[PDB]
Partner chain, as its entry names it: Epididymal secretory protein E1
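Below you'll find only one chain, the form solved without the partner chain, shown as C-alpha cells.
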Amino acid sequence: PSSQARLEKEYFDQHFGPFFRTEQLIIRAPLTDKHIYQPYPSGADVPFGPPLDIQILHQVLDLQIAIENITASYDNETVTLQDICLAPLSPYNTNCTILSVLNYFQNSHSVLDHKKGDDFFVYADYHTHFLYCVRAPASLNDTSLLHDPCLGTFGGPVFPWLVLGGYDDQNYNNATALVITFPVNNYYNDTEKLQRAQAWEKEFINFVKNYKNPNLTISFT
C-alpha cells in the first residue's frame, strides 16, 4: 500500500541511508490457513494471519539465519555480510542489523517457543508476546511471558509495519505477509569495497532465487 510504503521509506532513509541501501524480501505462506488464538483463561478470539503460524515463523527464522551466513567469492577472497552490513555495536558485537517479526523473539527458535502453563493449558506463548510487542515494540519486559523483551540488543523499536504486510487497518495480527529487511553499505567512496559488496548481493539474489521451501513464496522489493 502507498501509506505503508511511505512509512517504510521514511524509516529506511532516516535510519540507514544515505550510506546504506536496503535489501528487502516479502515472504508469504499462500498454502497456510489463517488461525484463531483463544486467550487463557477466557477472552475474545484473536485472528492470526497465515504466516504468523508458529511453524512458518520457525521456517522464516531459518531463512533469515541462512541469509546472514551467505558468503561470496571475490578475487579469491571471501566476502561476508558482516563485511558490508550495518553493525552498530562492532567490534564488541559484530551482528548485523536485520529486521523481521522474529526480532520480537530475540531471533531465537527457543525463545519463539517460550511458554508457561500446566499439563492441560498453556497460559501464555508466542501469540500473547506478539500481540503485546506490536503495541509496545520498545518494551524490554513482557510480564505476561517470562519478562521476555520485545526490543532487541541494538537498533531501536521494530515497528510492526516494517515487518508485516497485508493486514487490514492496523490489525497487525491479520498480516498476510512477512517482511525481512537489512541494510548493506553502498560504499559510495570506496570502489574496492563496493565491488565486494556487489559480489555478495549477486550471491544473495541467486540464493533467494534458488531457495526451496514449498510453504513460502519469497519475492523482492
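If you superpose the two forms and keep the largest set of C-alpha atoms that fall within 1.5 Å, you have the rigid core. Positions refer to the first chain, counted from 1.
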Averaging CA B factors per stretch from the PDB record, which one is higher: 43 to 51 or 175 to 183?
43 to 51
Quick check: 66 to 74 versus 164 to 172, which has the larger average CA B-factor in the record?
164 to 172
Between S100, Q106, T94, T97, which one tops the list for Cα B-factor in this entry?
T94
Ranking every modelled residue in this chain by its Cα temperature factor as given in the entry, which third contains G117?
lowest
Would you please rank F204 by its C-alpha temperature factor against the other modelled residues of its chain and give the third it falls in: lowest, middle or highest?
lowest
By the record's CA B-factor, is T128 among the lowest, middle or highest third of residues in the chain?
middle
Record-listed C-alpha B factor of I84: chain third:
lowest
Looking at the temperature factor on the CA atom of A136, which third of the chain's modelled residues does it land in?
highest
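Keep in mind that the form deposited with the partner chain bound is not shown, yet the notes after this line are about it.
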Pick from 181 to 189, 162 to 170, 31 to 39, 149 to 157: which stretch has non-hydrogen atoms within 4.5 Å of the partner chain in the deposited complex?
31 to 39
Can you check whether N93 is within 4.5 Å of the partner chain in the deposited complex, heavy atom basis?
yes
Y123: touches the partner chain in the deposited complex, heavy atom cutoff 4.5 angstroms
yes
Does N206 shift between the shown form and the other one by 2 angstroms or more at the C-alpha, the core having been superposed?
no
Once the two forms are fit on the core, has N93 moved its CA by at least 2 Å between the shown form and the other one?
yes
Spell out whether the Cα of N69 moves at least 2 Å between the shown form and the other one when the two forms are superposed on their rigid core.
no
Are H15 and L164 closer or farther apart at their Cα atoms in the deposited complex than shown, with the shift being 3 Å or more?
farther
Closer or farther apart in the deposited complex, the C-alpha atoms of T153 and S100, for a change of 3 Å or more?
closer
